[PDB]
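Q: After the structure tokens below, expect a handful of questions from me.
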Amino acid sequence: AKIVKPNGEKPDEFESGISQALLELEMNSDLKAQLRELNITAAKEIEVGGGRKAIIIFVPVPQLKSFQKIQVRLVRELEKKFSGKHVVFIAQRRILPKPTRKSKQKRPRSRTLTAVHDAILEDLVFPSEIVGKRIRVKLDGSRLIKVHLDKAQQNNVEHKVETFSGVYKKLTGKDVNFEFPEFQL
Amino acid sequence: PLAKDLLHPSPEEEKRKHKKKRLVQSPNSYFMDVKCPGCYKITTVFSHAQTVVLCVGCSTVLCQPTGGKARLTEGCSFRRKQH
Amino acid sequence: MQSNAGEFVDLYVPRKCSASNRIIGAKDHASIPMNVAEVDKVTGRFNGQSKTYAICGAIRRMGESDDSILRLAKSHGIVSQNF
Amino acid sequence: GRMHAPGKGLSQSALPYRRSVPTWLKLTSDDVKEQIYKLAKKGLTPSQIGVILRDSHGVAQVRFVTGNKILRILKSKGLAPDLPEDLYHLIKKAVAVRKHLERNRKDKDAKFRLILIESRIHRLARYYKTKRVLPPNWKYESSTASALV
Amino acid sequence: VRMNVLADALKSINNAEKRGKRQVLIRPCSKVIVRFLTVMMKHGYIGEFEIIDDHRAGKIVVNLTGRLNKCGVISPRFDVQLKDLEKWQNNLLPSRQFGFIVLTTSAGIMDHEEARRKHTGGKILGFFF
RNA sequence: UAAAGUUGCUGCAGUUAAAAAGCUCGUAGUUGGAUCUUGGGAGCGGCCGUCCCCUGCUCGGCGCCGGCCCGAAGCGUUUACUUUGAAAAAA
């Protein structure tokens, strides 16, 4: 319906239902001109630790900034529809491998493992924006990124923190926590 | 003192320090909603302006450049805006 | 300090600073070993046991010994966390 | 530590952590570029453009608001100068000093400061020839310099 | 100017541990410093550290025990065959019973003892005991 | 030759013992900031260990109703480095 798969293939009945649920917001509510051109690439249902589920919606990259205007507006209606789930909007960042000895154009820094994993994290937490990354390299050797979100929208998006940590963990495999520094701004 | 919380500088200590030498680099400037009482429009002026920011549709000249922070002309008020 | 058979062969195992872990040599006469007595949490009397602390002369000459006992008694619960 | 001084100054501009645009700034990237074109047409450098913008129009960094930076916005459309602004300003300063030193042969301090400025030029010239943003045939000569305003 | 960033780091945490600091800021940051530190951590010489991400090169904040007698860089990064690695640990460590030359192999930045069992030489970065 | 760390790459010295150019610019020389892949799939021992995988398109053998799995060529950022291999008179 609005779920334009990147490969020449088909969406699932869940994923087509989410894209019809975006038609349900288009052909009823007054954000209808701001859902016509906005397509979807994928969507997944991500079982986080404990008895909780979240829904993750991958998006076309040049259409991402159009979602960033209309984020919480739209997140309300999609989150009450799938009542107990958390709904989050990431762009589908294509991610080229590191050009080796064995294997043509210069691989740009945008399309790189680190810039993908950092730009995902930036537009993972949207209403709050990141005011410092910290990384515990713990005694066993493994990293634990500590993302310091904005003090504004703490009351808005604190409930999504342990979701956000799961959403990022399932995507990249990187163990993350989200904190709120109060002492500056 | 041997033991200092190098990761957790108390905000009294951080605002004291040189901007570059702060644990994370952070400026001492800010944008101002400068409004003159003669005109209607709120202009956005930079604190350390270093130019003569004028009233567009001339009712006055708002700020005058100095060493550090510009002098906001007597009559003008300012809100510091943030994100 | 242990042999192929697993025997402790060194003729004494040294003490070492409860602050900075520096082994406290046989002729460090500046080194300060303190006994801090603990108390019954409703009576307020000496129980008979203590939380013993040992500082190398070096940190004591630096003058940081004060803060180092103050930390070791805070993380030990002897002293108020609020402080 | 400075190039041609004993000065160990630390007067640096210090960008904030958050590269993310602020909220209040209502100008879209296109109208910022349109205003950059308007300043460039008046006859300003990317240094002077950036100052005038952040003062009167509350736009901290053009790179933060748009994607690109002010010379690359000038250069794409062709409002950028033929020879860089900073190497222009040293050649401009060297022509100023050399004019002063035409009728002041006694001014030995000037003559020494001229040699320091000449060295700044040759040093930048050599850099821009590695990046081919000047011709390899180019070389700053002080007799040819007064035509380069 | 600053040229060997791993030198600035190891000298700064050496200076700091001699002074008896519980932790130390090392205020440029490279991936080579971070691999070197993780090697010093695996052998328990330094405590679990922390890389502060500004949007320039990082700053690291390193918890210290009193175990690190000295860390240090070898500049320049000399090439070391498996033949030569005895003569380095002979003249650059305080005993055979402890101390570790870090040397960047192809396999990865690691101690001299793993460079033996992996059977890969490379460039000496530094050493610690 | 060692002793000579009294030629110092390992490894010396240069305030006063011998020693830093009067000062600065400056070309070859030498040295040069940060940054560009990671998570897991397969298996064993008692949470931790040791292994296989994470480039693509002309000629045939474990097979199948023009191609699928795989074998052998040839193109594949370029070097230093490290490990292996060939080859390197004996005395």
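We number each residue from 1, going along the chain as drawn.
We read in the header that electron microscopy, 3.1 Å was used to get this structure.
Cβ atoms here come from the backbone N, Cα and C positions, even for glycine.
Sharing the feature lines straight out of Swiss-Prot:
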{"type": "BINDING", "residues": "B:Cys36, B:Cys39, B:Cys55, B:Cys58", "note": "Zn(2+) binding site"}
{"type": "MOD_RES", "residues": "B:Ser10", "note": "phosphoserine"}
{"type": "ZN_FING", "residues": "B:36-58", "note": "zinc finger"}
Q: In whole Å, how far does the CA atom of B:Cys36 (Zn(2+) binding site) lie from that of the residue listed as 'phosphoserine'?
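A: That comes out at 38 Å between the alpha carbons.
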Q: Counting other CB atoms within 10 A of each CB, which of the binding-site residues B:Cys36, B:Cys55, B:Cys58 comes out lowest?
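A: With the binding-site residues B:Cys36, B:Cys55, B:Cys58, fewest surrounding Cβ atoms within 10 Å: B:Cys58.
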Q: Round to a whole number and give the Cα-to-Cα distance in Å for the pair the residue listed as 'phosphoserine' and B:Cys55 (Zn(2+) binding site).
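A: Distance between the two Cα atoms comes out at 41 Å.
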Q: Within a 10 Å radius of its Cβ, which of these recorded positions (B:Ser10, B:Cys39) has the fewest neighbouring Cβ atoms?
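A: Minimum Cβ neighbour count within 10 Å, taken over the recorded positions B:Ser10, B:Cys39, occurs at B:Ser10.
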Q: Which residues, same chain and not among B:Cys36, B:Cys39, B:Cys55, B:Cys58, have a CB within 8 angstroms of the centroid of the CB atoms at the recorded Zn(2+) site?
A: B:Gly38, B:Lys41, B:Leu54, B:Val56, B:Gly57, B:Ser59, B:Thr60, B:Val61, B:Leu62
Q: According to DSSP, how is the zinc finger (B:36-58) divided among helix, strand and coil residues?
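A: Split into helix, strand and coil, the zinc finger (B:36-58) gives 0 helix, 5 strand, 18 coil.
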